[PDB]
Structure formats: structure tokens, C-alpha cells
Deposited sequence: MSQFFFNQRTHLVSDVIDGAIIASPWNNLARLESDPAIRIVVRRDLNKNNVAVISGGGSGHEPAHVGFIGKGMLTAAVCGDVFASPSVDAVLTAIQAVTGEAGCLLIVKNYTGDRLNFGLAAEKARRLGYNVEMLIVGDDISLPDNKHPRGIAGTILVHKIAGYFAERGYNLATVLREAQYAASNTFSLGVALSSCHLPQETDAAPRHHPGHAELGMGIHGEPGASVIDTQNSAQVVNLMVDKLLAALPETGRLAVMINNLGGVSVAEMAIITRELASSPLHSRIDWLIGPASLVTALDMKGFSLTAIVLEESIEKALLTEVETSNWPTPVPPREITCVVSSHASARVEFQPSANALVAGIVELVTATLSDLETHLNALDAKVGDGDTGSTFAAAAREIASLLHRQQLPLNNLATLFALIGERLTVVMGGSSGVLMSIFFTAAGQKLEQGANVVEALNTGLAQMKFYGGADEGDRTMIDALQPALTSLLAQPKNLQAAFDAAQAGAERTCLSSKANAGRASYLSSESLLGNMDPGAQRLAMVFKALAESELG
């Protein structure tokens, strides 16, 4: 039932911590020696002269909170087990470990377990002479009737402000004051299509509503505030924006954080970002934080939108650089500029011209392929889609038509090939059309460089092989074409030899035919056969 990458369940959180450290951009993180049941990460920049800002809580919201430890933000983070509050002992240990006379501010997300455990910790700390303050963050607005708003993504915006002042030597009282001020100006709303996968065997797959979306699903998977009858990005985001606007002051600039709860695709997150930029909330946004996975719920497929009012010191504090593994640098929503380029008409130019010889070839090649439609479909039907005959016929007739309408530059092969190369893909769908267009386009160009027909045709083959990836023996027209083009390269005028070569190659494709679970002529590749018949026709006209 467990769909989770992990090793020993009991070492889960510890392993996450090791990984976070191993990838530390600043290499400013360090575990704190302690009993295995205490999981504290602290910064190596320990400057007890400044006020310590400690945070934490149950794990499963990485990069929170370890990812926000460092200069300008969190001093330490107390990590509980997955979605489980840290022990009182653990919290105390962190306080004593990084708190100097300046004191420390505990930033706690609104959840009983954390409030009670960090709380008893603060109390035990105070008895030991430490100066402690606690700020409970409850930024969720999904449940108006809730006495205790849950603390979610916005919490880190609180870390940011608290960190600003703490690093700059302001006193505990000031840190708390400002931190509380930020909290009071932070509003978040989340939505999810499905809950998260837990690192354990469960009773039922993650909660999910088909075609719908649960507004307000908690970061621990808690029941949300409602269910939206659609997953449409615009509808979902605008609904969220309305509720955000109803909670925000009617005026003032805003910073908005687009947080990925863990399971939304980057593509989706981009679309969400676009919706937000087009929402009624748009004209008041001066900064975007994300889209990014900042405060997650394991792999929960949902996202959250956090709006913080930019009053007073808030904005100054948000924009200050810090040194953490995951703080994202705020960015003003950029406008979508549209660049214009100077592109020459791809369309190949030409002037109809006669040449009885060439016309005779074009007519012959053209007819042979056209006549083979049903036979080539039959061969293709064996394993393919039974349409190769029609695809090839489509191209033949297109060039035949142009021929019959005296529209071909028959007197100039280079331009003629270039013209066919341009027209085939338009009438021939699928890889066949593209490959043939590649063939003639490259051939037409080799001729433009003044090469003889056979040389150009071989270059066409060479290019068809490079892009197509096929080789002699893979059962495609190549198996008959190459032999023929090689035959002609030695005997430029011996059409009988060319045909014979192509014919042998086509025959080889009947052997290596896997699909066959007597004469085996029904296992012949249509491409090769078509090719062999073309040369056969050419050889019989000489």
C-alpha cells in the first residue's frame, strides 16, 4: 500500500535531514549531537549575541523548516517525526543549544501538538533563566468558523521578517513585535486534488474527489473547508482569489507566494501562476514568491496562495538576501513581451518548364506508386496500419497532378526536387511524408551544389538515415533503396542492375519479418517493395 521512497521507517526523518545537509548550498547546516529521538538542525553561523529564532514541528513539509535555517532566517529547526510534533525534550535542547542572553523567539504553526510541546519547553526554559517568546502562526483562511486557524505556507514569510530583525541585533521584544505584525498581515488558502502518500501501509488510497478539488485540505491531510465541482485552473484560482480579497485590506500593495504542496507538475504550477496574474488580485501585486515547493505536505497534489500586505517594514524585510537552502528571491510579475523576427518565405520558388525525359520519369514513377495503393496497404496491414499504400499514393498523385497541370519545373532537377520535398509532407501524413520530404529536400540541395542525380539521391538517403535512425536490415524502404543507389553509383546507367539490387533487398525484408506467429511474400515491407517496383518500372523502360 505504501508508495514512498524510504529505508527504515524509524530513520526516515533522520535520513531526510542528512540529505538536506548533503545538499546545503551554503554548507551552513549542522545536526546537533543528541539522543536519536531528538532531531535538531542548527546553523554553523551561531551568533548568540543576536536573538535566536527557532521553529520546527512535524516533518513532511520539507524544505520547511530546515531549508529556512541560516543568516537572515531560522537559527534552528526542531524536527518531529512525519506529521508528528517534536518532543518537549527536543525543543528545550534546541533552546539551550543556541540561545544566549538575547533570548529566543519560538515560531509555531497553529497545531495543538506543537503549541503544547514548544509551550512546556518555553516554560522549562524560562525556569532556567532563558528569555523566551512564542508566536503561534495561524494564516489559513479556509475555515472562518474555526477558532484556531491552521498555520501553513505563510509561516515562512513570518520567519523572513523575524529573521531580518534578529540578525540586525534588535531585541527579543522587537523581533516578536514585528513577527506578530507580519503574521497578522499574512493570509493563505490552499487547494488539493488528492491527499499525500504516507510512508506506511494504509486503509485506503489518498483522499480524492474525482473531477473535483478539496479547498482547504490541511498540510497534514486534514479535511478542508469545501469541495469545488471542477479542477479548472481559472475557476479554482479565481475562487481562491475572491476569498483572499475578502480577508485582505481593501487597499495596499501585496507580495504573493505560490506554493506547491508537493504533487503538482511544474507545468501546472506555471498555469496556476498565469491564472493568478490574470486574477482581480493582479493590480496589487508587486512581488511573486514561487511557484516553488516551499511548505509541503509530502507529495500532496495541491497548491497554496499566500498574500502578505506590504505595510511598513514588511517589504524591506522580504527583499533582503538571506543564506538558506530554499528561500526563493521574490520577483515582480513580468509582463509577457512578444518578439517579432525577420523570416524569409520558406516556400520554394520555381517556374514551370518542360523536359520530355524528366516528365517521362516523373509520370512513370508517379503511376507505379499510385497503382500499388491497395497492394501496399495489404502488406502494411500485416503488422503496420495498412495505409502505407495510401500515404505513398497520396504523394504520387500530388506530384502527378502538378505534372498533369504543367506546373512542374521539369527542366531543373534541383528546383524540382526541392519542390517535391516541400509538397510531400503536406499531402503525406506521418513519418513517411517527413522522411520523403527530407530525402528530396536534401537531394535537391545536393544537386544545387552541382552534383549528379545519383550523388544527390544518395545524400538524400544518407539524411533520411541520420534522422530516421534506420539501417539496412531494419525492414524499411532503405533495404531496397540503398542497394539500388549503390548499384547506380557503380553503373550510373544500368537500371536493370539497380532494380535487381533493390529487389534482393526487398526480399531480405521478407525473411527478417517477426510478425508470423510458404513464399513469405506477404511479410514484405511496403516501403521496400514500393521502391523495388519503382526501379523495376524504370529498368523496363530502357
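Residues 518-525, 551-552 of the deposited sequence have no C-alpha coordinates in the structure.
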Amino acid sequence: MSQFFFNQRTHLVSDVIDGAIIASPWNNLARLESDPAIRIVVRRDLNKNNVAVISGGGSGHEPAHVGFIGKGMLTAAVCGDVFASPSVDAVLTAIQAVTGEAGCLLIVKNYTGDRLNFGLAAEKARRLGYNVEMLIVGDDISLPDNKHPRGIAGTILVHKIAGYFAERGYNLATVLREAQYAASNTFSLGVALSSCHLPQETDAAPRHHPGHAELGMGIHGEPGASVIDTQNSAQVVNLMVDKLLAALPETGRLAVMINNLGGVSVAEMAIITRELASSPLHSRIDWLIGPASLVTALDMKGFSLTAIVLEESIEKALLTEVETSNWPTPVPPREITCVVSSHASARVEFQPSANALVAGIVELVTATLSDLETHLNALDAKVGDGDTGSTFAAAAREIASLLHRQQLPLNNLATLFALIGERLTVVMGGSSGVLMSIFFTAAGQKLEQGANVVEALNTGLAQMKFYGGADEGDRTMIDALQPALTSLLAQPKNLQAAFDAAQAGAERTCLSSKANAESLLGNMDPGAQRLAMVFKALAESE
From here on, numbers count along this sequence of modelled residues.
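A summary of the deposited B-factors shows that, of 40-48 and 508-516, the stretch with the larger mean C-alpha value is 508-516.
Higher mean CA temperature factor, per the PDB entry, when comparing 367-375 with 75-83: 367-375. Of the candidates 495, 54, 501, 66, the PDB record gives 495 the highest C-alpha temperature factor.
The PDB entry gives the largest Cα B-factor of the residues 437, 171, 296, 238 to 171. When the CA B factors of the chain's modelled residues are split into thirds, the value for residue 62 lands in the lowest one. When the modelled residues of the chain are ordered by C-alpha B-factor, residue 350 sits in the highest third. Sorting the modelled residues of the chain by their CA temperature factor places residue 20 in the lowest third. Annotation for residue 448: CA B-factor lies in the highest third of the chain's modelled residues. Annotation for residue 155: CA B-factor lies in the lowest third of the chain's modelled residues.
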